[PDB]
Ligand SMILES: COc1ccccc1NC(=O)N1CCC[C@H](C(N)=O)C1
Ligand SMILES: [Zn+2]
């Protein structure tokens with residue numbers, strides 16, 4: 010679990026969005042596993058606008074943060090799950106690091122701000138949905 014709170018927006022994994030997220034929908038994209046909903050309170054986070062390929066992510070299954078080197082946002086095949094058929098997920102960044110399914114929503118940050126959230130993983134890999142291209146979040 011986890012979310013980004015920026016301005017009057019909440020950014021979550023689309024597959025973990027709540028009934029309230031869908032009732033206050035701003036934008037969603039199944040191919041990116043992202044959903045953005047509107048909030049009444051002002052958010053605590055700021056978004057990176059950069060080309061960093063290193064950063065630190067929060068891993069809830071270890072209660073710890075880990076440093077990572079990650080690939081540039083790309084189209085990656087993701088196997089079927091209970092949430093989606095087998096498909097290509099876009100704007101995904103992969104890295105070597107521990108993750109389990111419930112780690113989705115953990116934030117990846119570089120020195121500039123929030124880069125994205127955990128969205129995929131397996132066998133010593135962790136994948137992050139990029140948010141740096143969503144300029145309207147600002
Ligand atoms: C962090 O996720 C994992 C880690 C280790 C093992 C498995 C996972 N599950 C995982 O990759 N997905 C399940 C939920 C929806 C995901 C998606 N974006 O399509 C895919
Ligand atoms: Zn950066």
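In the numbering used here, the protein residues as written are 10 to 147.
Here a beta-carbon is modelled for each residue, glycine too, at the ideal position from N, C-alpha and C.
In this structure, the alpha-carbon of residue 137 lies about 18 Å from that of residue 36.
Residue 17: not part of any alpha helix (DSSP H); DSSP gives it neither H nor E.
Three or more Cβ pairs closer than 8 Å define a contact, and the segment 75 to 91 meets that threshold against the segment 105 to 113. A direct Cα-Cα distance of roughly 12 Å separates residue 111 from residue 126. Around the C-beta of residue 101, 16 or more other C-beta atoms lie within 10 Å, and the residue is accordingly described as buried. From the listed residues 20, 132 and 141, the smallest Cα separation to residue 31 is found for 20.
For residue 30, the enclosing alpha helix (DSSP H) covers residues 28 to 32.
If you keep only unbroken beta strand (DSSP E) runs of at least 3 residues inside the segment 79 to 143, you get 83 to 87, 96 to 105, 116 to 119, 122 to 131 and 134 to 139. The beta-carbon separation of residue 119 and residue 59, rounded to 6 Å, stays under the 8 Å limit for a contact.
Following the DSSP letters along the chain, one finds residue 40 in no beta strand (DSSP E), marked with neither H nor E.
Ordered by chain, the residues meeting the criterion of a beta-carbon within less than 6 Å of a non-hydrogen atom of ligand 1 are 24, 42, 87, 90, 92, 93, 98, 108, 109, 110, 112, 113, 127, 128, 129, 130 and 131. Here the alpha carbons of residue 70 and residue 130 stand approximately 12 Å from one another. DSSP places residue 63 in the uninterrupted beta strand (DSSP E) bounded by 63 to 68.
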